[PDB]
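Beneath this line is the structure, given in structure tokens, with notes to follow.
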Amino acid sequence: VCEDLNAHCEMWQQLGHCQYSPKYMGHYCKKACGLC
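With this note's numbering applied, the sequence shown corresponds to residues 90 to 125, in that order.
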């Protein structure tokens, strides 16, 4: 299914890592990113 892979996913998405670096968030954080 789709789920965060890193425990810091929220820590990175809350900083905009998905808005800024979605290339590695989509591969680690799905919900935190626009994947779920």
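Beta carbons are placed, not taken as given, at the ideal position from N, Cα and C, and that holds for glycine.
- Rounded to whole angstroms, the separation of the alpha carbons of residue 111 and residue 122 is 7 Å.
- Going by beta carbons, residue 125 and residue 93 fall outside the 7 Å limit.
- Within its own chain, the residues whose Cβ lies closer than 6 Å to the Cβ of residue 98, once the five positions on either side in sequence are excluded, are 118 and 121, listed in chain order.
- For residue 92, the secondary structure class from DSSP, reduced to helix, strand or coil, is coil.
- In the structure shown, residue 125 adopts coil according to DSSP, grouped into three states.
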